[PDB]
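Student: this one is an experimental structure. Sequence first:
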Amino acid sequence: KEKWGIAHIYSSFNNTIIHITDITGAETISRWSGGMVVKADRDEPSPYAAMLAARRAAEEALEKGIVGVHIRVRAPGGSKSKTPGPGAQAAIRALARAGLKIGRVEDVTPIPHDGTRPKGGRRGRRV
Amino acid sequence: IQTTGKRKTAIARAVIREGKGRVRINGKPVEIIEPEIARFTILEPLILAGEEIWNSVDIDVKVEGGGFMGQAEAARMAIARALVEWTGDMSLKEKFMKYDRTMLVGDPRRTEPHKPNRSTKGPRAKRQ
Amino acid sequence: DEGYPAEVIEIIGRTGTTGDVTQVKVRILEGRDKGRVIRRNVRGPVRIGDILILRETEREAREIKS
Amino acid sequence: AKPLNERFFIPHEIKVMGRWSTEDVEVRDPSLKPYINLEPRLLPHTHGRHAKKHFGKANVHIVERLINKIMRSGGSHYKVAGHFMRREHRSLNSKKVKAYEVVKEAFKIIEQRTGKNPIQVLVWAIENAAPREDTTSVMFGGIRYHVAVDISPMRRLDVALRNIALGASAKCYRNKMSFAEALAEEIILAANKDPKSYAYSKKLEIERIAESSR
């Protein structure tokens, strides 16, 4: 029976994390951050770190009897940003290109109805 | 038959008549020209033309002005027009223009005048 | 050399910062995506129907925003 | 003058340079077929108006282009590994007869040492030394990023051929070993995808970096 897992692709503007879990999401299979594949902290969110780490986790999953994957895209959510980082698309393309049969590719950013006051103060992050 | 040829500053006057096949630049055999590149340039028109044209006509061309390469190209234009007028068949004209254009159109390009602000090094040259 | 040639069809427009990169549409002539049309960039002069060699078919350029 | 006259007469049956009629040559890469000019012509020089033509470069014979980018090979902003590669002793620029002679000699060297068509060896080297990806810094809102970009067949031809020329110059410059020997050695290395050549090495370098700019 064709084996389908869950690929949580978290993407902020500082890092991207690809975590592969069973169909219940209760058991870990492959979990590779941007930090695994680069040596400058600034480089963690770049799409190349993303696709390299994603392919690594993908081959690791394939080695462990995984064939199909449902993608779960995630922005930081909450009071933090909502647009996924630039590397999420690159990592999704990489997971496709690593020989994984892609199913549902949805967003799971937890959107609040009425959340806490965000950070940064009243006059904003005065860059 | 009379023909002329213009190229850069080397101008060629050519006369083609019936003969064994001897072809002469300034009354000198075409095979003993010291630069070889000029030899091929002068030779281009009669290779593709054929051997019967080569050995059916005597051609005398005199070229004055310019450089030796320019002299070769002017002789090329002159001999090309010479075979053109002597044979007067369309097919040779067609293959002449197919191999290249110059021998039926010439090269009307010249050297543009030099302009001040370091004219010596060229027209479009200037200082630092 | 795992490359994939593809045939240009249509030129989207000069792209990149300096316009020296040209955006075109290319049809993959061989590979896992045979016949697929992709927007791809070209450095150096290009025309319709040029055979351009790809290292990766998956990469794509964003639509030119005017 | 006997070799000179015999080489004058041998290409009487329409041969590029003196020998190596071009029918036997085969282009393996599909990209450069409609651009590499294989018309049989005795002398590789037309003095043509190709610069003023946007696409007139495809008409120029690959050997004429070879002599062309040979004559220009001297002096540059390219302080590659800190060297100024200038021709101070009778530079190649504008002396296309000397360059013509040097390509003739290197072609003879290729013929002898490889025992096959030197034009076909050059064809293989051109195929083997053309990169397939470059890098461009594209920005949105002043945030530049290096993006891999596909190279046109003609730009690939240009950059690869310039690279082999610069490899030949790097080899001969400031050495006893002549220019013809340098060019023959470089072209044979590039023919067999030898990394020792500048041409294939810098093809690899151009492929890389753009490799990481994805």
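Tutor: It's in. Residues are numbered from 1 along each chain as shown, chains lettered A, B, ... in the order given.

Student: tell me how far the most centrally placed residue in chain D lies from residue D:187.
Tutor: Against the mean C-alpha coordinate of chain D, by C-alpha atoms, centre = their mean, the closest residue is residue D:161 at 3.2 Å. According to C-beta to C-beta, to the nearest Å, residue D:161 and residue D:187 sit 11 Å apart. All C-beta atoms are positioned from the backbone trio N, CA, C, and that covers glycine.

Student: which residues in chain A form strands?
Tutor: Secondary structure of chain A (DSSP state E): strands at A:4-11, A:16-21, A:28-33, A:68-74, A:101-107.

Student: what's the closest of those to residue B:45?
Tutor: Minimum separation from residue B:45 across the strands of chain A (C-beta to C-beta) falls at strand A:101-107, 67.0 Å.

Student: what packs against that closest one?
Tutor: On a contact count with 3 or more C-beta pairs under 8 Å, 6 or more residues apart in numbering or on different chains; DSSP states H and E, strand A:101-107 meets strand A:68-74, helix A:87-97.

Student: pull the longest helix from chain A.
Tutor: With secondary structure taken from DSSP state H, chain A has its longest helix at helix A:47-63.

Student: hmm, that one touching chain D?
Tutor: Yes: legend: contact between helix A:47-63 and chain D by C-beta under 8 Å from any C-beta of the partner chain is shown at A:47-48, A:51.

Student: wait, what's in contact with the residue of chain A at minimum distance from chain D?
Tutor: Chain D sits closest to residue A:48 of chain A, with a gap of 5.4 Å, by C-beta to the nearest C-beta. Residue A:48 sits next to A:90, D:212-214 when contact means C-beta atoms under 8 Å, 6 or more residues apart in numbering or on different chains.

Student: before we move on, what about residue A:70?
Tutor: Contacts for residue A:70 were tallied using C-beta under 8 Å, 6+ apart; they are A:4-7, A:102-106.

Student: again, only this time at 6 Å
Tutor: Taking C-beta atoms under 6 Å, 6 or more residues apart in numbering or on different chains, we find residue A:70 in contact with A:6, A:103-104.

Student: so it bridges to which residues?
Tutor: On the basis of DSSP bridges, residue A:70 is bridged to residue A:6.

Student: for it, give its distance to residue A:5.
Tutor: Distance, residue A:70 to residue A:5, by C-beta to C-beta: 7 Å.

Student: the lengthiest strand in chain C and chain D in contact?
Tutor: What stands out as the longest strand in chain C, according to DSSP E, is strand C:4-15. Yes: applying C-beta under 6 Å from any C-beta of the partner chain, one finds strand C:4-15 touching chain D at residue C:5.

Student: show me what counts as buried in that strand.
Tutor: Of the residues in strand C:4-15, C:4-6, C:8, C:15 count as buried by neighbour count, 16 or more other C-beta atoms under 10 Å in any protein chain shown.

Student: pick the one among the residues you listed closest to residue C:28.
Tutor: Of all the buried residues of strand C:4-15, residue C:28 sits closest to residue C:6, with 4.8 Å by C-beta to C-beta.

Student: check contacts around the residue nearest to the closest one when sequence neighbours are not counted.
Tutor: Spatial nearest neighbour of residue C:6, chain neighbours left out: residue C:26 (4.3 Å); criterion: C-beta to C-beta, 6 or more residues apart in numbering or on different chains. Taking C-beta under 6 Å, 6+ apart, we find residue C:26 in contact with C:6, C:8, C:38, C:40, C:52.

Student: want to throw these into TSV with distance to residue B:94?
Tutor: Formatted as TSV, the contacts of residue C:26 follow (distance: C-beta to C-beta, whole Å):
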residue	distance to residue B:94
C:6	38
C:8	33
C:38	44
C:40	41
C:52	36
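
Student: now, among these, which is nearest to residue A:29?
Tutor: Distance to residue A:29, by C-beta to C-beta, is smallest for residue C:38 among these, at 32.1 Å.

Student: quick one: secondary structure of the closest one?
Tutor: strand (DSSP: H, G, I helix; E, B strand; the rest coil).

Student: just grab the bridge partners of it for me.
Tutor: Going by DSSP bridges, residue C:38 forms beta bridges with residue C:26.

Student: and for it, the neighbour number?
Tutor: A count of nearby residues for residue C:38, using other C-beta atoms under 10 Å in any protein chain shown, gives 17.

Student: SS state for the residue in chain D that chain B sits nearest to?
Tutor: Relative to chain B, the nearest point of chain D is residue D:43 (4.3 Å; C-beta to the nearest C-beta). Classification of residue D:43 using three-state DSSP returns coil.

Student: name all residues that make contact with it.
Tutor: Taking C-beta under 6 Å, 6+ apart as the criterion, residue D:43 is in contact with residue B:40.

Student: how much space between it and residue B:109?
Tutor: According to C-beta to C-beta, residue D:43 stands 19 Å off from residue B:109.

Student: now swap in residue D:111 and tell me
Tutor: Distance of residue D:111 to residue B:109, computed by C-beta to C-beta: 36 Å.

Student: go on, residue A:117?
Tutor: Counting by C-beta to C-beta - residue A:117 and residue B:109 are separated by 77 Å.

Student: if we can go back for a sec, got TSV for the contacts of residue A:70, with distance to residue A:31 and neighbour count too?
Tutor: Output for these, formatted as TSV (distance: C-beta to C-beta, whole Å; neighbours: other C-beta atoms under 10 Å in any protein chain shown):
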residue	distance to residue A:31	neighbour count
A:6	12	19
A:103	20	14
A:104	20	10
